[PDB]
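S.K.: Contents of my_file-v5.pdb (PDB, C-alpha atoms) are below:
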ATOM      1  CA  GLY G   1      -6.845   5.236  -6.131  1.00  0.00           C
ATOM      2  CA  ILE G   2      -5.859   3.165  -3.122  1.00  0.00           C
ATOM      3  CA  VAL G   3      -3.465   5.777  -1.688  1.00  0.00           C
ATOM      4  CA  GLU G   4      -5.991   7.912   0.197  1.00  0.00           C
ATOM      5  CA  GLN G   5      -7.827   4.614   0.796  1.00  0.00           C
ATOM      6  CA  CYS G   6      -4.943   3.698   3.128  1.00  0.00           C
ATOM      7  CA  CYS G   7      -3.612   7.199   3.851  1.00  0.00           C
ATOM      8  CA  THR G   8      -6.584   9.521   4.584  1.00  0.00           C
ATOM      9  CA  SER G   9      -8.504   6.440   5.684  1.00  0.00           C
ATOM     10  CA  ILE G  10      -6.440   3.611   7.183  1.00  0.00           C
ATOM     11  CA  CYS G  11      -6.181   0.001   5.961  1.00  0.00           C
ATOM     12  CA  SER G  12      -4.726  -3.301   7.212  1.00  0.00           C
ATOM     13  CA  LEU G  13      -1.840  -5.321   5.741  1.00  0.00           C
ATOM     14  CA  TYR G  14      -4.358  -7.770   4.259  1.00  0.00           C
ATOM     15  CA  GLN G  15      -5.584  -4.944   2.012  1.00  0.00           C
ATOM     16  CA  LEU G  16      -2.125  -3.753   0.953  1.00  0.00           C
ATOM     17  CA  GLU G  17      -1.829  -7.430  -0.033  1.00  0.00           C
ATOM     18  CA  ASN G  18      -4.715  -7.089  -2.480  1.00  0.00           C
ATOM     19  CA  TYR G  19      -2.832  -4.049  -3.811  1.00  0.00           C
ATOM     20  CA  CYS G  20       0.425  -6.001  -4.181  1.00  0.00           C
ATOM     21  CA  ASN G  21       1.575  -7.423  -7.538  1.00  0.00           C
TER      22      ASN G  21
ATOM     23  CA  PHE S   1       1.592  -2.732  10.764  1.00  0.00           C
ATOM     24  CA  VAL S   2      -1.831  -2.257  12.408  1.00  0.00           C
ATOM     25  CA  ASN S   3      -3.948   0.763  11.365  1.00  0.00           C
ATOM     26  CA  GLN S   4      -1.468   2.619   9.141  1.00  0.00           C
ATOM     27  CA  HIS S   5      -1.832   5.835   7.105  1.00  0.00           C
ATOM     28  CA  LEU S   6       0.158   5.341   3.878  1.00  0.00           C
ATOM     29  CA  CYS S   7       0.292   7.954   1.127  1.00  0.00           C
ATOM     30  CA  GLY S   8       2.814   8.738  -1.638  1.00  0.00           C
ATOM     31  CA  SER S   9       6.189   7.170  -0.745  1.00  0.00           C
ATOM     32  CA  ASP S  10       4.909   5.972   2.662  1.00  0.00           C
ATOM     33  CA  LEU S  11       2.578   3.754   0.628  1.00  0.00           C
ATOM     34  CA  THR S  12       5.215   2.762  -1.947  1.00  0.00           C
ATOM     35  CA  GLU S  13       7.533   1.960   0.962  1.00  0.00           C
ATOM     36  CA  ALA S  14       5.124  -0.534   2.566  1.00  0.00           C
ATOM     37  CA  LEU S  15       3.858  -1.521  -0.902  1.00  0.00           C
ATOM     38  CA  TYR S  16       7.478  -2.106  -1.895  1.00  0.00           C
ATOM     39  CA  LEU S  17       7.807  -4.276   1.227  1.00  0.00           C
ATOM     40  CA  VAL S  18       4.360  -5.945   1.666  1.00  0.00           C
ATOM     41  CA  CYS S  19       5.102  -7.587  -1.655  1.00  0.00           C
ATOM     42  CA  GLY S  20       8.759  -6.835  -2.407  1.00  0.00           C
ATOM     43  CA  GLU S  21      10.142  -9.772  -4.402  1.00  0.00           C
ATOM     44  CA  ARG S  22       6.430 -10.378  -5.051  1.00  0.00           C
ATOM     45  CA  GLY S  23       6.301  -7.040  -6.905  1.00  0.00           C
ATOM     46  CA  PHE S  24       3.656  -4.528  -5.792  1.00  0.00           C
ATOM     47  CA  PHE S  25       1.140  -2.066  -7.236  1.00  0.00           C
ATOM     48  CA  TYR S  26       0.558   1.699  -6.830  1.00  0.00           C
ATOM     49  CA  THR S  27      -1.696   4.441  -8.245  1.00  0.00           C
ATOM     50  CA  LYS S  28       0.779   6.970  -9.687  1.00  0.00           C
ATOM     51  CA  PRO S  29      -2.029   8.807 -11.489  1.00  0.00           C
ATOM     52  CA  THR S  30      -0.725  10.954 -14.368  1.00  0.00           C
TER      53      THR S  30
END
Hey, can you dump this file as structure tokens for me?
M.R.:
Amino acid sequence: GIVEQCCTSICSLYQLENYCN
Amino acid sequence: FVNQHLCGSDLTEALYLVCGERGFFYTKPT
């Protein structure tokens, strides 16, 4: 998934955007 | 939010906000 992708590793808001609706 | 560690709710929280009215997406593997 993308969870650890942003949790264990860290991500920017532009990525959480790609994971938005 | 610069460099953020989001997992479980912490991710849904931001997820819920990054998009919000724009709806968001999550893993919820089960």
S.K.: So how many Å separate CA of residue 13 (chain G) and CA of residue 29 (chain S), to one decimal?
M.R.: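 Going from CA of residue 13 (chain G) over to CA of residue 29 (chain S), I get 22.3 Å.
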S.K.: Starting from chain G, keep only residues with some atom at most 6 Å from an atom of chain S, counting all atoms listed in the file, and report them as a PDB file with C-alpha atoms, in the frame of the given file.
M.R.:
ATOM      1  CA  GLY G   1      -6.845   5.236  -6.131  1.00  0.00           C
ATOM      2  CA  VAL G   3      -3.465   5.777  -1.688  1.00  0.00           C
ATOM      3  CA  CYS G   6      -4.943   3.698   3.128  1.00  0.00           C
ATOM      4  CA  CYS G   7      -3.612   7.199   3.851  1.00  0.00           C
ATOM      5  CA  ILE G  10      -6.440   3.611   7.183  1.00  0.00           C
ATOM      6  CA  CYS G  11      -6.181   0.001   5.961  1.00  0.00           C
ATOM      7  CA  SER G  12      -4.726  -3.301   7.212  1.00  0.00           C
ATOM      8  CA  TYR G  19      -2.832  -4.049  -3.811  1.00  0.00           C
ATOM      9  CA  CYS G  20       0.425  -6.001  -4.181  1.00  0.00           C
ATOM     10  CA  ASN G  21       1.575  -7.423  -7.538  1.00  0.00           C
TER      11      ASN G  21
END
S.K.: Around region 4-15 of chain G, fit a box with edges along x, y and z, padding it by 3 Å on each side, then list its centre and edge lengths in Å to one decimal as lines of an AutoDock Vina configuration file.
M.R.:
center_x = -5.2
center_y = 0.9
center_z = 3.7
size_x = 12.7
size_y = 23.3
size_z = 13.0
S.K.: Atoms are missing here; could region 10-27 of chain S be completed with N, CA and C atoms and written as a JSON list (two decimals), in the frame of the given file?
M.R.:
[["chain", "number", "residue", "atom", "x", "y", "z"],
["S", 10, "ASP", "N", 5.31, 6.82, 1.50],
["S", 10, "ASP", "CA", 4.91, 5.97, 2.66],
["S", 10, "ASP", "C", 4.16, 4.74, 2.16],
["S", 11, "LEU", "N", 3.32, 4.92, 1.17],
["S", 11, "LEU", "CA", 2.58, 3.75, 0.63],
["S", 11, "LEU", "C", 3.53, 2.92, -0.22],
["S", 12, "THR", "N", 4.25, 3.54, -1.12],
["S", 12, "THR", "CA", 5.22, 2.76, -1.95],
["S", 12, "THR", "C", 6.13, 2.00, -1.00],
["S", 13, "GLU", "N", 6.64, 2.65, 0.00],
["S", 13, "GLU", "CA", 7.53, 1.96, 0.96],
["S", 13, "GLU", "C", 6.88, 0.65, 1.39],
["S", 14, "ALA", "N", 5.81, 0.72, 2.14],
["S", 14, "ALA", "CA", 5.12, -0.53, 2.57],
["S", 14, "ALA", "C", 4.83, -1.37, 1.32],
["S", 15, "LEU", "N", 4.16, -0.79, 0.36],
["S", 15, "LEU", "CA", 3.86, -1.52, -0.90],
["S", 15, "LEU", "C", 5.12, -2.25, -1.34],
["S", 16, "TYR", "N", 6.19, -1.51, -1.48],
["S", 16, "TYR", "CA", 7.48, -2.11, -1.90],
["S", 16, "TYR", "C", 7.85, -3.26, -0.96],
["S", 17, "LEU", "N", 7.45, -3.19, 0.28],
["S", 17, "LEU", "CA", 7.81, -4.28, 1.23],
["S", 17, "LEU", "C", 6.69, -5.33, 1.32],
["S", 18, "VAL", "N", 5.46, -4.93, 1.57],
["S", 18, "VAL", "CA", 4.36, -5.94, 1.67],
["S", 18, "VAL", "C", 4.58, -7.02, 0.62],
["S", 19, "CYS", "N", 4.86, -6.60, -0.57],
["S", 19, "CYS", "CA", 5.10, -7.59, -1.66],
["S", 19, "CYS", "C", 6.61, -7.78, -1.81],
["S", 20, "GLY", "N", 7.28, -6.75, -2.23],
["S", 20, "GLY", "CA", 8.76, -6.84, -2.41],
["S", 20, "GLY", "C", 9.07, -7.78, -3.56],
["S", 21, "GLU", "N", 9.82, -8.81, -3.31],
["S", 21, "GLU", "CA", 10.14, -9.77, -4.40],
["S", 21, "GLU", "C", 8.84, -10.16, -5.11],
["S", 22, "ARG", "N", 7.73, -10.03, -4.43],
["S", 22, "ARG", "CA", 6.43, -10.38, -5.05],
["S", 22, "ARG", "C", 5.93, -9.21, -5.89],
["S", 23, "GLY", "N", 6.74, -8.21, -6.10],
["S", 23, "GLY", "CA", 6.30, -7.04, -6.90],
["S", 23, "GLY", "C", 5.07, -6.42, -6.24],
["S", 24, "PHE", "N", 4.84, -5.16, -6.44],
["S", 24, "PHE", "CA", 3.66, -4.53, -5.79],
["S", 24, "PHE", "C", 2.89, -3.67, -6.80],
["S", 25, "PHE", "N", 1.94, -2.92, -6.32],
["S", 25, "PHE", "CA", 1.14, -2.07, -7.24],
["S", 25, "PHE", "C", 0.90, -0.69, -6.59],
["S", 26, "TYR", "N", 0.78, 0.33, -7.39],
["S", 26, "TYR", "CA", 0.56, 1.70, -6.83],
["S", 26, "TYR", "C", -0.33, 2.50, -7.79],
["S", 27, "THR", "N", -0.81, 3.63, -7.36],
["S", 27, "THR", "CA", -1.70, 4.44, -8.24],
["S", 27, "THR", "C", -0.86, 5.25, -9.24]]
